[PDB]
Structure formats: structure tokens, C-alpha cells
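Notes follow once the structure below has been shown.
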Amino acid sequence: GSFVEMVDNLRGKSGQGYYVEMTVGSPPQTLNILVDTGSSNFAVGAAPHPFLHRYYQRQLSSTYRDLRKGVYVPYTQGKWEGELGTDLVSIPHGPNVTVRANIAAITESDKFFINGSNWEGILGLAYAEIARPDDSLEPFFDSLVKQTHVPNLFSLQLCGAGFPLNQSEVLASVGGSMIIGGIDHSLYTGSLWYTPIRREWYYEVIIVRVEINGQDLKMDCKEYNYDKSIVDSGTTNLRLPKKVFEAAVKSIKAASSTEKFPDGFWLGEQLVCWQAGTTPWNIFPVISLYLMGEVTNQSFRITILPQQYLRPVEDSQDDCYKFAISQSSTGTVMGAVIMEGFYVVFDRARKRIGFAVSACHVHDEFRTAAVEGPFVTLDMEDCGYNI
Ligand SMILES: COc1nc(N2C[C@H]3C(=O)N(C)C(=N)N[C@@]3(c3cc(-c4cccc(C#N)c4)cs3)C2)ncc1F
């Protein structure tokens with residue numbers, strides 16, 4: 001229904017991630033924590049670092065419990081090593097509960113904490129299967145549901161501003177909402193459409209068709225989910241498997257062919273700029289991803305605009321952007337590019353993910369993001385990849 005205490009509890013932007021305030025320990029130590037549906041550990045800075053202005057001080061918490069076990073995470077979007085323990089954890093703009101949760105106290109890191117970023121830790125919201133060191137380390141959300149009456153569901157509304165936010169603006173701006181234990185109807189318009197969670201590890205889904213401005217990419221649907229397709233609030237871009245990325249970029253270039261962009265732009269390395277207010281949104285195509293429905297032989301589509309896949313960056317008074325669609329060798333990743341267009345419901349209790357048009361998506365007077373259905377789609381289980 002309505003969860004006013006949790007609405008507008010996030011801050012951040014797609015390039016730096018979105019974070020929520022949490023407290024750890026007794027007395028409570030406040031930290032800003034990245035909301036990550038692409039991992040399953042709760043890990044916090046626990047030692048001084050040049051890019052952290054605060055960290056978890058275990059010696060100052062009366063409720064700290066040492067698990068006497070280390071944890072190592074290899075190079076991904078950095079690397080880190082830490083020490084496992086448990087403590088009492090709360091979310092100030094969250095459910096009014098305190099839970100005893102596992103915490104990885106980060107003692108050493110390399111390219112993990114980012115200069116200029118405001119988060120001090122990560123809240124991995126995915127399942128125990130991908131937790132480190134192994135699946136015996138209960139993730140935060142599993143603890144929260146086990147210890148309280150909070151329903152086994154959360155929903156995310158990530159809000160892209162549509163323009164660059166400077167150092168002060170990004171700290172003062174509302175970046176979105178994380179509703180723990182429910183769905184807030186103020187955060188979306190139209191209907192919610194659900195896709196099954198294929199398997200509980202990452203939030204894995206199945207894409208059954210892809211269109212660029214209504215034109216079918218016409219690839220074998222297994223290519224779209226090779227080797228998996230996931231929903232990840234901790235990835236900035238929409239990432240596509242190599243072969244799919246190559247086909248999609250060719251189609252996006254063809255649709256936008258009235259303007260030529262350098263190779264560096266399509267590689268996501270180089271910004272493109274236009275005179276203030278003159279970004280030619282209309283030359284760029286909409287992108288639709290069709291997802292398996294909950295009903296046999298039924299699918300639905302989510303449609304995003306260039307206002308989602310062109311990420312605003314500062315250069316001048318020009319309006320500049322980076323192309324936020326990129327190649328992957330680990331499957332499709334529906335990152336902040338996708339999520340900024342939609343209110344996303346992680347319905348763990350019913351093993352499904354819901355999408356609805358976000359009340360904060362950026363658009364223009366001529367086009368809007370969309371969530372539509374149903375469509376008749378056959379042999380959708382064949383779109384899933386095995387081995
Ligand atoms: C903490 O513990 C564990 N974290 C992980 N993760 C895997 C990483 C990764 O490659 N992705 C795709 C991901 N979704 N999350 C991780 C990170 C995201 C960011 C980050 C930085 C800047 C912007 C954004 C955005 N949007 C995200 C830094 S690390 C953490 N894996 C296993 C663990 F035990």
C-alpha cells in the first residue's frame with residue numbers, strides 16, 4: 001500500500017550506485033550502504049581508508065560477536081578481505097526492527113572504495129547460494145525475515161535525475177526508495193507485470209524477445225540469456241552478451257544513423273555533447289525486452305528510452321552523456337539503466353520479479369517508458385541456458 005517511512009530513503013546515481021542509511025552495533029554506528037541485488041554479503045569498511053570518512057569500529061560495539069573466520073573476495077569491481085562477525089543492525093528509514101546479522105568487516109581492499117563516493121559498505125540482497133565464503137553465511141534479508149514479521153519481499157525505485165548532479169547536489173537529492181516488506185503504490189503508474197525468478201542465486205530471469213524501435217533483433221532467444229540474465233542494482237549499465245551486444249549496437253546505430261557517433265561513444269568510453277537542451281532524443285530508438293510471464297505461453301515487455309540508456313555526465317553548459325549499454329561475457333545484466341525506468345518488486349515469497357513504469361523515470365513529451373502485456377510467446381523454457 002503506502003510505506004511513507006521508507007519512501008525516498010535512497011541517495012546516489014547510476015555511475016556510483018544507490019545507497020541507504022543503516023546502523024550497526026550498540027550504540028548504533030551510522031553508515032551509508034550500497035543496495036546490491038547482485039551479491040549476497042553485508043560488508044562494511046572496518047578500518048581507516050583514504051576514501052572513507054567513517055567505518056565500523058567493532059571494539060566500540062557491546063553487541064559485536066567475532067566469528068573467528070576470514071572472507072576474501074577477488075577482483076570484480078575491486079577486491080577486498082575481511083573478518084566475519086555478527087552485530088545488531090537497523091535501517092533508520094526502514095521497518096522498525098533490529099536484527100542480528102552477519103557482517104563482513106573489511107580490513108583490506110583494492111579498487112573497492114571509490115574517491116568521491118559516499119557509501120561505506122554494501123548490502124547484498126541476493127540469495128545464500130552466492131554468499132562468500134559459502135552458502136552457510138546467512139544473508140541480511142534472510143536474517144531479517146527469520147527474526148521479524150517483515151514479509152519476504154522488497155521493492156526498489158532507483159531515480160536517475162536526467163542530468164548530472166554535482167558533489168553537493170548528489171548529497172542533497174533523493175535518489176529513490178527501497179521499500180522493505182512491501183509495495184508502495186505511489187512509486188509507479190499503470191500495472192505491475194511479473195516474471196518468474198528462474199532460480200534463487202542471483203535474481204535470474206528469462207528474456208524471450210528483444211526489439212529496437214519495434215524491430216525484432218531476431219536472435220535465437222537462448223542468446224539473450226547466455227549464460228544467464230539477472231536484475232542487478234549494483235551494475236550501472238544494461239550489459240548484454242557479446243553476440244547480442246554486437247546485434248543491438250548495429251540496430252541502434254542504424255536507427256540513429258542521421259547522426260554519426262565515434263567508435264569510442266559506442267564502446268562506452270567517450271562522452272557525446274549537445275548544446276544545452278538540444279539532445280536529439282527522438283533520433284535514438286526505444287528498446288524493449290520481453291520477459292517470460294507467470295501464465296503458460298504468455299510474455300510481457302518493458303520498454304526503455306534513450307533517457308535511460310544515455311547516462312548524463314558533466315563535460316560547459318552542454319548536455320553530455322555516455323552510452324550505458326555494454327558487452328558482457330557473463331550474461332545479460334539489467335543494471336541501473338533498466339531499473340531507473342521501472343519500479344521493481346523482488347517478490348521472494350512468490351519467486352517472481354515485478355515491473356511497473358516508475359513514477360520517477362526521465363522521459364520527454366513524446367515518449368514514455370512502458371510495461372505492457374500480455375503477448376503470446378511459445379517455447380519460452382527453451383530461452384533459458386543450461387551448462
Ligand atoms: C560485498 O560482498 C560482495 N560483493 C560482491 N559484489 C560483486 C560486485 C560486482 O561486480 N557487481 C556487479 C555487483 N553487483 N556488486 C559488487 C560491487 C558493486 C560496486 C559498485 C561500484 C560503483 C557503482 C556501482 C553501481 N551501480 C556498483 C562495487 S563492488 C559487489 N560480490 C561478492 C561479495 F561477497
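Just so we're on the same page: first chain in the C-alpha cells is A, next is B, and so on; residues restart at 1 for each chain, and ligands are numbered from 1 in the order they show up.
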Taking only C-alpha atoms and all ligand atoms into account, list the residues no farther than 7 Å from ligand 1, as a ChimeraX atom specification.
/A:14-18,36-43,73,76-78,112,122,124,131-132,232-236,335-336
Excluding residue 306 (chain A) and its own-chain neighbours fewer than 3 positions away, which residues fall within 9 Å of it when counting only C-alpha atoms? Please give them as a list in words.
residues 281, 282, 284, 285, 286, 287, 309, 310, 311 and 363 of chain A
Write out as a PyMOL selection string all residues of region 196-360 of chain A that backbone DSSP assigns to strand (DSSP E or B).
chain A and resi 196+200+203-205+207-212+215-216+229-231+238-241+272-274+287-292+298-304+310-313+319-323+325-328+332-334+342-347+352-358
Please list as a ChimeraX atom specification every residue within 9 Å of residue 221 (chain A), counting only C-alpha atoms and excluding residues in the same chain fewer than 4 positions away.
/A:207-210,225,380,382-384
Atoms to include: C-alpha atoms. Write the selected residues as a short mmCIF file (atom, residue, chain, number, x, y, z; two decimals), in the first residue's frame.
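Saved the output as selection.cif:
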data_model
loop_
_atom_site.label_atom_id
_atom_site.label_comp_id
_atom_site.auth_asym_id
_atom_site.auth_seq_id
_atom_site.Cartn_x
_atom_site.Cartn_y
_atom_site.Cartn_z
CA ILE A 207 14.30 -12.69 -21.76
CA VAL A 208 12.25 -14.13 -24.66
CA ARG A 209 12.40 -11.36 -27.33
CA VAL A 210 14.30 -8.09 -27.90
CA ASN A 225 20.22 -15.45 -21.63
CA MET A 380 9.90 -19.87 -23.52
CA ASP A 382 13.96 -23.05 -24.46
CA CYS A 383 15.22 -19.45 -23.96
CA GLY A 384 16.90 -20.45 -20.70
#
Residue contacts of residue 325 (chain A) (7 Å, only C-alpha atoms) excluding same-chain residues fewer than 4 positions away, as a list in words
residues 237, 238, 239 and 309 of chain A
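Among the candidates A:381, A:216, A:5, A:87, the residue lying nearest to residue 196 (chain A) is A:381 (atoms considered: only C-alpha atoms).
Excluding residue 114 (chain A) itself and same-chain residues fewer than 4 positions from it, the residues having an atom within 10 Å of it are residues 16, 50, 51, 52, 78, 110, 118, 119 and 120 of chain A, counting only C-alpha atoms.
Between CA of residue 48 (chain A) and CA of residue 29 (chain A) the separation is 14.9 Å.
Here CA of residue 81 (chain A) and CA of residue 57 (chain A) stand 16.2 Å from one another.
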Which one of A:361, A:79, A:218, A:11 sits closest to residue 172 (chain A) if you count only C-alpha atoms?
A:11
Name the residues in contact with residue 70 (chain A) at a cut-off of 6 Å, using only C-alpha atoms, excluding same-chain residues fewer than 6 positions from it; report them as a list in words.
residues 82, 83 and 84 of chain A
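Checking A:273, A:212, A:99, A:320 one by one against residue 303 (chain A), counting only C-alpha atoms, you find the shortest gap at A:212.
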Mind the document's chain letters and residue numbers, and return as number ranges by chain the residues of region 64-268 of chain A that DSSP labels helix (DSSP H, G or I).
A: 128-130, 140-147, 167-172, 185-187, 221-225, 242-255, 263-266
Those selected residues, please, written with C-alpha atoms and delivered as a PDB file, in the first residue's frame.
ATOM      1  CA  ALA A 128      22.701 -17.541   0.035  1.00  0.00           C
ATOM      2  CA  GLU A 129      23.933 -19.641  -2.926  1.00  0.00           C
ATOM      3  CA  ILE A 130      26.312 -16.821  -3.987  1.00  0.00           C
ATOM      4  CA  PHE A 140      20.944  -9.982   5.741  1.00  0.00           C
ATOM      5  CA  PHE A 141      17.459 -10.261   4.208  1.00  0.00           C
ATOM      6  CA  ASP A 142      17.160 -13.956   5.199  1.00  0.00           C
ATOM      7  CA  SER A 143      18.017 -12.924   8.829  1.00  0.00           C
ATOM      8  CA  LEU A 144      15.546 -10.054   8.723  1.00  0.00           C
ATOM      9  CA  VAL A 145      12.676 -12.336   7.564  1.00  0.00           C
ATOM     10  CA  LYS A 146      13.594 -15.141  10.025  1.00  0.00           C
ATOM     11  CA  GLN A 147      13.834 -12.848  13.072  1.00  0.00           C
ATOM     12  CA  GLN A 167      29.192  16.712  -5.311  1.00  0.00           C
ATOM     13  CA  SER A 168      26.776  18.796  -3.181  1.00  0.00           C
ATOM     14  CA  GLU A 169      23.600  18.068  -5.221  1.00  0.00           C
ATOM     15  CA  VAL A 170      24.084  14.275  -5.117  1.00  0.00           C
ATOM     16  CA  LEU A 171      24.251  14.502  -1.254  1.00  0.00           C
ATOM     17  CA  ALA A 172      21.131  16.671  -1.028  1.00  0.00           C
ATOM     18  CA  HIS A 185       1.643   2.301  -4.960  1.00  0.00           C
ATOM     19  CA  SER A 186       2.873   5.961  -5.111  1.00  0.00           C
ATOM     20  CA  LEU A 187       6.133   4.819  -6.813  1.00  0.00           C
ATOM     21  CA  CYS A 221      16.296 -16.387 -27.590  1.00  0.00           C
ATOM     22  CA  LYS A 222      18.892 -18.597 -25.826  1.00  0.00           C
ATOM     23  CA  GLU A 223      21.499 -15.963 -26.916  1.00  0.00           C
ATOM     24  CA  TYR A 224      19.727 -13.329 -24.785  1.00  0.00           C
ATOM     25  CA  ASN A 225      20.216 -15.447 -21.630  1.00  0.00           C
ATOM     26  CA  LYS A 242      28.824 -10.302 -26.745  1.00  0.00           C
ATOM     27  CA  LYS A 243      26.744 -11.552 -29.750  1.00  0.00           C
ATOM     28  CA  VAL A 244      23.584  -9.722 -28.506  1.00  0.00           C
ATOM     29  CA  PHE A 245      25.538  -6.514 -27.819  1.00  0.00           C
ATOM     30  CA  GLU A 246      27.018  -6.615 -31.378  1.00  0.00           C
ATOM     31  CA  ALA A 247      23.489  -7.077 -32.929  1.00  0.00           C
ATOM     32  CA  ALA A 248      21.883  -4.438 -30.653  1.00  0.00           C
ATOM     33  CA  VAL A 249      24.570  -1.785 -31.311  1.00  0.00           C
ATOM     34  CA  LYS A 250      24.278  -2.343 -35.073  1.00  0.00           C
ATOM     35  CA  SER A 251      20.478  -1.839 -34.810  1.00  0.00           C
ATOM     36  CA  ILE A 252      20.793   1.234 -32.503  1.00  0.00           C
ATOM     37  CA  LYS A 253      23.376   2.765 -34.898  1.00  0.00           C
ATOM     38  CA  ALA A 254      21.027   2.110 -37.863  1.00  0.00           C
ATOM     39  CA  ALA A 255      18.050   3.720 -36.055  1.00  0.00           C
ATOM     40  CA  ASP A 263      33.567   4.340 -32.052  1.00  0.00           C
ATOM     41  CA  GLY A 264      34.601   5.461 -28.524  1.00  0.00           C
ATOM     42  CA  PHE A 265      30.997   6.524 -27.811  1.00  0.00           C
ATOM     43  CA  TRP A 266      29.558   3.082 -28.669  1.00  0.00           C
TER      44      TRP A 266
END
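A straight line drawn from CA of residue 293 (chain A) to CA of residue 358 (chain A) is 19.6 Å long.
Residue nearest residue 200 (chain A), chosen from A:324, A:334, A:353, A:271 and counting only C-alpha atoms: A:353.
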Name all residues at most 10 Å from residue 67 (chain A) (count only C-alpha atoms; drop same-chain ones fewer than 5 positions away) and give them as a PyMOL selection string.
chain A and resi 83-86+102-104
Of the candidates A:156, A:109, A:127, A:30, which shows the shortest atom-to-atom distance to residue 351 (chain A), using only C-alpha atoms?
A:127
